[PDB]
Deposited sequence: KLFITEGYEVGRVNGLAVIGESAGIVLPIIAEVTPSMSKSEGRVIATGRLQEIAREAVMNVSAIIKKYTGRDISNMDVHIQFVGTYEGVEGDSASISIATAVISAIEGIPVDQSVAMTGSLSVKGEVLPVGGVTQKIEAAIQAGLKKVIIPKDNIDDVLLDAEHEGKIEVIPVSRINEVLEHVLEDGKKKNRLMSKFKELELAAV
């Protein structure tokens, strides 16, 4: 199977996505980081362009909140499996989440999938095919799905479904991290860094 459904893992997130117009999918990302040999973002396959765009875009948010500049480190991003036929999210919050995880060595809840794009301001703004994703998620045996707050009323769950996934609307990057990073002294420090 292409993704983990529970446990905690560094630089590892289950985003969600769309195949064709039919349907949604579990889209899992690893991020890993190593210092550069000036610094680039490595990824390949049908999604590399989504990946440099999120990673690059989010990169100031990522400097306000470790203090590691991205151009001092190499960011190794893959998508786990292959997917031709898939639209992914712009500035996707999973790809930023997995990177912050990897930079910070703080693990991620696999049982919580996510969707949204990430304002360079740090907000999370709406994305297509939410119902179709939750749906893929309900199909995956994942437990909670984070989503943007303005897709709140695009969640057209057809009952019996209303109780098999916990749908969590967020609107900051800090809410996404709060809700998926493993508890501990590290995330506690981390969270406290989210302000002005």
Original post:
Can you list the gaps, in order, where the deposited sequence has no modelled residues?
Top reply: 38-40, 200-205
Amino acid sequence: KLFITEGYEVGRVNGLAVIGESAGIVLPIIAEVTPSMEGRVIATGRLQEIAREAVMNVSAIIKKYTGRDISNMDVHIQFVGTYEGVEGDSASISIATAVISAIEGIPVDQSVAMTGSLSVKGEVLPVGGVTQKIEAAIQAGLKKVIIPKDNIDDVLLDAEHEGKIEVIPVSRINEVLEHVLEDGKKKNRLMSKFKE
From here on, numbers count along this sequence of modelled residues.
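Heads up, when I say rigid core I mean the largest set of C-alphas that superpose within 1.5 Å between the two forms.
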Subject >> 26-34 against 48-56 - segment lying farther from this form in 4 other deposited structures of this protein (CA RMS, rigid core fit) >> reply: 48-56
Subject >> in 4 other deposited structures of this protein, rigid core aligned: more displaced of 62-70 and 143-151 by C-alpha RMS >> reply: 62-70
Original post:
So 23-31 or 164-172, which one's hotter by mean CA B-factor in the entry?
Top reply: 23-31
Subject >> Stretch exceeding the other in mean C-alpha B-factor - 152-160, 126-134 >> reply: 152-160
Subject >> Candidate set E104, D109, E87, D74 [ranked by C-alpha B-factor, highest] >> reply: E87
Original post:
With respect to the C-alpha temperature factors reported in the PDB entry, which of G45, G141, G39, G67 ranks highest?
Top reply: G67
**OP:** Taking the chain's C-alpha temperature factors as the reference, tell me which third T82 falls into: lowest, middle or highest.
**Re:** highest
Original post:
Can you tell me which third, lowest, middle or highest, the CA B-factor of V18 falls into for its chain?
Top reply: highest
Subject >> Third assignment of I146 from its chain's C-alpha B-factors >> reply: lowest
Original post:
Which third, lowest, middle or highest, does the CA B-factor of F3 fall in along this chain?
Top reply: middle
